[PDB]
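Listed below, chain by chain, are the residues.
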Amino acid sequence: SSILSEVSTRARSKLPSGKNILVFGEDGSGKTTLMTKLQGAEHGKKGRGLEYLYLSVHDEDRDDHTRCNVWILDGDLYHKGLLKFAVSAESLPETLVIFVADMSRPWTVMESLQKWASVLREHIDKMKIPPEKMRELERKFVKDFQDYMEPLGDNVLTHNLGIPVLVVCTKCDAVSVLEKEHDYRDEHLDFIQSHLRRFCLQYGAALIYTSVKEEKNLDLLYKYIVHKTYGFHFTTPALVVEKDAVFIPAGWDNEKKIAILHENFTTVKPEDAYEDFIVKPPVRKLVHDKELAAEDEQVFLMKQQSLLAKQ
Amino acid sequence: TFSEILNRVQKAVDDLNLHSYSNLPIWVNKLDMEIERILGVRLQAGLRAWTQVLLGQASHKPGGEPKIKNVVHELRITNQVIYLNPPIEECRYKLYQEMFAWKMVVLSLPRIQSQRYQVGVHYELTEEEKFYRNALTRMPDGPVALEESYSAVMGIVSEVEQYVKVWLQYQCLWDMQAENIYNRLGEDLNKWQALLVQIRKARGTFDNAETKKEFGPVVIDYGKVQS
């Protein structure tokens, strides 16, 4: 009626809200640990299926309180349909999605990562977004990517869903242990970093290493997350200098900045298959003891019939 | 009760292991799968009952007796702004935990295992086996129960936020210039003749002996703002 116009038009200052930040990752990648520690509690509780964490963002500069929705998704594929709860076209334009590659298990990164690339893709089309809005969001994200300043290419955003994307990899401290315990070559670290940079480029994603044990880049994670979902001020440069922790702003990455990383490794060419370069982790648990089945009466008896007949 | 039944079964299985019968671990595994299916069906029934209780339409009934603690919320008026003492997001988070609760009570059960004497698996028992965390994949009805469960919450929160939304609309009564209304509707049917009618209807959700609107296990209390 008339009220809902007259009262509504009397709008005051505010800060945008109702953002649905999403998390998909391989199960057991400590994703809950990361999201909780980022939220402020050391760690909430785990479970199955979707979980909700209302991330509290306060802007001291404007002195306001807002809440975003961390919607952390279980890794089991059988729990993929409930993703239809996660994102709606009403929520879609403002949803930011991240993966959690537990670097303690590099062997499963791209697979799990590519699993993301499938699932979300399916879910983003199974919802039948009209092409006009999908295209306009896609081009808006493209422009936002191109105007980075602390690009164009053949595979730049060659397959992206038009919403801001990160690739946060947790348990960074573990890279030390698997370095010594697995004789994991530094060239391996450079190769996986390059391959991840290529992936995040073809998805226009910003990659951030982190380690809750080392509470590393956690502040940086919060900073970037708010800067992307809201538009707060950002000032941290492209921390790529040391391999221990690297931060790639979404737009910083360049195919030549990947070529320079290509140069320092000369063991096996990057073009080869991912799992070929990396060493598989062999299975430990032994196969259970074989069944000690007993020959039943019938065929035992015919065998004995034969044995007597031979006599 | 589930715990006592399972640990009694575990004691009996250990007693079986006291003697010498071949193929014991594989029999234990088959028993575990049977337990898995049975408890998965029970879990589906319990989740269905939880959905019914949450949605409001609700001695060993398969669902059980769901009970969700009332999630209280308040419309705070401090700083001349309509606050939610728990922010609307709380109205979902707590529910999820409650829903989570109603799963661990049936999901955190110890798994019957032959390792009591079969120490041949000399390895720390993995969490996804030691605690029997595969029940959800043993859905007799498929994941539909989950699809239902969240749906209820998705409904319950969503529309009740809408309710909160209505309350928030009153914000204008402290920060709004009546000159704007006057100019917008100067010389209406006579002067307004319309919004002076819809305002009377807008006196709903308000001016009633009800003090806190209950809705399922979520109660939004307009106590501080009522006057």
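Residues numbered from 1 in each chain as written, not as in the entry; some residues may be left out. Chains lettered and ligands numbered in written order. Part of a larger assembly, values for the part shown. Heavy atoms only, no water.

As annotated in the PDB entry, chain B carries the name Cytoplasmic dynein 1 heavy chain 1 and is attributed to Homo sapiens.

Per the PDB entry, chain A goes by Cytoplasmic dynein 1 light intermediate chain 2 and derives from Homo sapiens. Comment text from UniProt for chain A, heading Subcellular location, reads "Cytoplasm, Cytoskeleton". Recorded in UniProt for chain A, the comment headed Sequence similarities runs: "Belongs to the dynein light intermediate chain family." (UniProt positions renumbered as here; feature names shortened; annotations may be inferred.)

Draft legend 1. Summary view of the overall build of chain A. Within chain A, the regular secondary structure consists of ten helices and six strands. In terms of overall dimensions, chain A is more spread out than a globule: its C-alpha atoms have a radius of gyration of 25 Å, far above the 19 Å expected for 311 residues. With respect to the three principal axes, the spread of C-alpha positions in chain A is 105 × 60 × 40 Å. Of the charged side chains in chain A, 42 are positive and 49 negative; the average position of the first set lies 4 Å away from that of the second. (Helix = DSSP H or I, 4+ residues; strand = E, 2+ residues; numbered from the N terminus. Rg over C-alpha atoms; globule rule 2.2 N^0.38 Å. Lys, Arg positive; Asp, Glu negative; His and termini not counted. Charge placed at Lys NZ, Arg CZ, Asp CG, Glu CD.)

Draft legend 2. How the structure looks around the layout of surface pockets. Quantified by volume, the second largest pocket comes out at close to 920 Å³. The set of elements that each furnish at least two residues to the lining of the second largest pocket consists of α1 (3–9) of chain A together with α5 (144–168), α6 (178–184) and α7 (195–202) of chain B. In terms of residues, the lining of the second largest pocket owes the most to one element, α7(B), which gives five residues. For the lining of the second largest pocket, the per-class residue count stands at 20 nonpolar, eight polar and five charged. (1 Å grid on protein atoms, 1.4 Å probe; cavity = no way out; pocket = protein on both sides within 12 Å on 5 of 7 lines; lining within 4 Å. Points joined across faces, edges and corners; volume = space filled by probe spheres on them. Nonpolar A, V, L, I, M, F, W, Y, C, P; charged D, E, K, R; others polar.)

Draft legend 3. Broad picture of the side chain of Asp102(A). Residue and element names in this part refer to chain A. Along the chain, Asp102 falls in the loop between β4 (97–100) and α3 (109–126). Despite its burial, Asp102 remains without a salt bridge, the nearest opposite charge being carried by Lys171 at 7.1 Å. Here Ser104 takes part through its side chain, which lies 2.7 Å from a polar atom of the side chain of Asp102. In this structure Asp102 touches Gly28, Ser29, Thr170 and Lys171, once residues within four positions along its chain are discounted. (Buried < 20%, exposed > 50% of the residue type's maximum accessible area, 1.4 Å probe, protein only. Salt bridge = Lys/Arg side-chain N within 4 Å of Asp/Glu carboxyl O. Polar contact = N/O pair within 3.5 Å; in protein donor to acceptor, adjacent residues only side chain to side chain. Contact = heavy atoms within 4.5 Å.)

Draft legend 4. Spotlight on the side chain of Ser149(B). Residue and element names in this part refer to chain B. Tracing the sequence through the fold places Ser149 in helix α5. Within polar-contact distance, the side chain of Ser149 engages the backbone oxygen of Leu146 at 2.6 Å. Filtering out sequence-adjacent residues up to four positions away, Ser149 remains in contact with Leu47 and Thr51.

Draft legend 5. Expanded view of the interface of chain B and chain A. Every contact between the two is made by 41 residues of chain B and, on the other side, 39 residues of chain A. Interface area for chain B against chain A, summed over the two sides, is near 3,600 Å², with a carbon-plus-sulfur share of 58%. For the pair chain B and chain A, the interface holds three salt bridges. Residue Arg67(A) is joined to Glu89(B) by a salt bridge in which the shortest nitrogen-to-oxygen separation is 3.7 Å. At the surface where chain B touches chain A, the tally comes to twelve residue pairs in polar contact. Listed by contribution, the elements that provide at least two residues to the side of chain B that touches chain A are α2 (24–55), α3 (90–107), α5, α6 and α7 of chain B. The element contributing the most residues to the side of chain B that touches chain A is α3(B), with nine residues. Of the residues in the side of chain B that touches chain A, the class split is 21 nonpolar, twelve polar and eight charged. (Buried area = accessible area lost by both parts, 1.4 Å probe.)

Draft legend 6. Broad picture of the state of the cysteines. Following the criterion strictly, the structure yields zero disulfides over all chains and no others. For the unlinked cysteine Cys68(A), the closest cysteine sulfur is that of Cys91(B), found at 18 Å. Overall, the relative accessible area of 3% leaves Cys68(A) in the buried class. A disulfide-free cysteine, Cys172(A) has its sulfur positioned 6.9 Å from the sulfur of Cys169(A), the nearest such atom. (Disulfide = S-S within 2.5 Å.)

Draft legend 7. Molecular detail of the packing of aromatic side chains. Taken as a whole and judged by the stated rule, the model has 18 aromatic pairs over all chains. On the numbers, 5.8 Å between centres and 65° between planes, the contact of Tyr52(A) with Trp71(A) is edge-to-face. Taken together, the residues span a long stretch of sequence, with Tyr52(A) in strand β2 (residues 51–59) and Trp71(A) in strand β3 (residues 64–73) at a distance of 19 residues. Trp71(A) carries the same exposure label as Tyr52(A), and that label is buried. An angle of 20° between the planes, with centres 6.3 Å apart, marks the rings of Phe191(A) and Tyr274(A) as stacked. Here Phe191(A), found in helix α6 (residues 186–202), pairs with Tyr274(A), found in helix α9 (residues 274–277); they are 83 residues apart in sequence, far enough to count as distant. Residue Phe191(A) shares its accessibility class with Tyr274(A), and that shared class is buried. Among the aromatic side chains, those forming a connected cluster through ring pairs are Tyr52(A), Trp71(A), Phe85(A), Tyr96(B) and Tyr150(B). Its guanidinium or amino end placed over the ring of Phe234(A), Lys223(A) lies 4.3 Å from that ring's centre, counting from NZ or CZ. (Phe/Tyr/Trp six-rings, centres within 6.5 Å; stacked < 30°, edge-to-face > 60°. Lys NZ or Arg CZ within 6 Å of the ring centre and 35° of its normal.)

Draft legend 8. Quick peek at the pattern of salt bridges. This model, assessed by the stated rule, comprises 26 salt bridges over all chains. Linking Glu6(A) and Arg184(B) is a salt bridge whose minimum nitrogen-to-oxygen distance equals 3.6 Å. One end of the pair, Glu6(A), is in helix α1; the other, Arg184(B), is in helix α6, on a second chain. For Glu6(A), a relative accessible area of 13% corresponds to the buried category. The partner of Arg111(B) in a salt bridge is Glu36(B), and the shortest N-O contact between them spans 2.4 Å. The pair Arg111(B) / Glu36(B) is uniform in exposure class, with both members buried. Connected through shared salt-bridge partners, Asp32(B), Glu36(B), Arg111(B) and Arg138(B) make up one network.

Draft legend 9. Examining the sheet that holds strand β6 (residues 205–209) of chain A more closely. Overall, mixed pairing links the six strands, which are arranged β2-β3-β1-β4-β5-β6 (chain A) in an open sheet. Two strands lie at the open edges of the sheet, namely β2 and β6 of chain A, each paired on one side alone. For this sheet the average axis-to-axis angle between neighbouring strands, irrespective of direction, equals 25°. Each of β1 (20–24), β2, β3, β5 (165–169) and β6 of chain A touches helix α7 (residues 218–229) of chain A; the most contacted strand, β2(A), lies at about 85° to it. Across the face of the sheet, α3(B) comes into contact with β2 and β3 of chain A while running at roughly 150° to β2(A). (Pairing = 2+ DSSP bridges. Axes fitted to C-alpha atoms, helices over the stretch in contact; angles between N-to-C directions.)

Draft legend 10. Region of the structure containing the environment of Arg48(B). All names here are of chain B. With respect to the helices, strands and loops of the structure, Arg48 is situated in helix α2. A relative accessible area of 26% means that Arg48 is categorised as partly exposed. A C-alpha to C-alpha distance of 34 Å links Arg48 and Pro25, two positions 23 residues apart in sequence. Those residues within four positions of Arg48 in sequence are excluded, and the remaining contacts are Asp141, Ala145 and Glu148.

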